[PDB]
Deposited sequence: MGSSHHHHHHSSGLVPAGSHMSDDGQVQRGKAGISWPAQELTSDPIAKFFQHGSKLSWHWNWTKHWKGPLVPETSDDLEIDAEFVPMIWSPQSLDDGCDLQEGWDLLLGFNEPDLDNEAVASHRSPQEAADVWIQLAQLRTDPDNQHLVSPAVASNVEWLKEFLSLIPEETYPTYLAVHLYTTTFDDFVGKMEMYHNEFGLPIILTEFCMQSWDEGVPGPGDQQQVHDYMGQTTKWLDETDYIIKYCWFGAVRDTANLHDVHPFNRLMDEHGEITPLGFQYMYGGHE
């Protein structure tokens, strides 16, 4: 399946997400905005924790390349900088393109490793300029996308814009039922979020240029929602899977 889990490294331990990949789960991957899920970057994770799923590391910002920590061994995909367009660690497209040359060196085994673009918060021009400035031999295979909207029609139009603008297959690393437009109201009730997840996951499973996707909302601490509506939660304050989490983990849609 295409469906993954995001987990904030602010939680300090990867243990709580093991239960998303238990008997019957349809979820196939996970990421955490950083290099590894067991190690100094998630330092409280139990030594013996096993997560039977693909981990996708991220180079969060230019500084992460110099942090002296290692990428999760055996990675297949590497994600570029998180929301470098936001004032995320803010860079110009040229500052990002220069650091990209150093990041792209991590692809030492190019038959079994592929690079994914930086994901912008919103600035499509930022990403167009970035991709035009990097050397062609470093061009990412996949586009990373963050899409926060509240209606299925708007979701599909924006996904189609990213596909049409950039012409790469897509890894949707962050989505849920939330608009950062302030004239756009957040979900009215919990049911609307179940409905949104059903519609979006069916469309994403049926669209061949969607390689992977990842709902935003597996967290324990409310702080780690970053003002996302708590109706988007896949996990509660105690580390237990919510009804929305159950829907997601068992395939999102019939």
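Absence of C-alpha coordinates is noted for several segments of the deposited sequence, namely 1 to 29, 117 to 120.
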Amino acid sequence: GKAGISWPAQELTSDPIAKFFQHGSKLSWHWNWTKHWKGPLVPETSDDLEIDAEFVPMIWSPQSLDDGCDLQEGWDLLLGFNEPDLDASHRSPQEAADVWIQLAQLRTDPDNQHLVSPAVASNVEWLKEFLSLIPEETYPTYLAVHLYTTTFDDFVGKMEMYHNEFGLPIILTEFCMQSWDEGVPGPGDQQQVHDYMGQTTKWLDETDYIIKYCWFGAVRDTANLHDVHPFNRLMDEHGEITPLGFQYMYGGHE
From here on, numbers count along this sequence of modelled residues.
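Averaged over CA atoms, B-factors in the entry run higher in 59 to 67 than in the other of 211 to 219 and 59 to 67. For the pair 74 to 82 and 158 to 166, the record assigns the higher mean C-alpha temperature factor to 158 to 166.
In this structure the maximum Cα B-factor among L27, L41, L204, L225 is found at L225.
Within the group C176, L115, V120, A88, the record's highest C-alpha temperature factor is found at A88. Ranked by C-alpha B-factor against the other modelled residues of its chain, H229 falls in the highest third.
Remark: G251 belongs to the middle third of its chain, ranked by C-alpha B-factor as recorded. Sort the chain's modelled residues by C-alpha temperature factor and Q192 lands in the highest third, per the entry. Sort the modelled residues of the chain by CA B factor and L106 lands in the middle third.
The PDB entry assigns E237 a C-alpha temperature factor belonging to the highest third of its chain's modelled residues.
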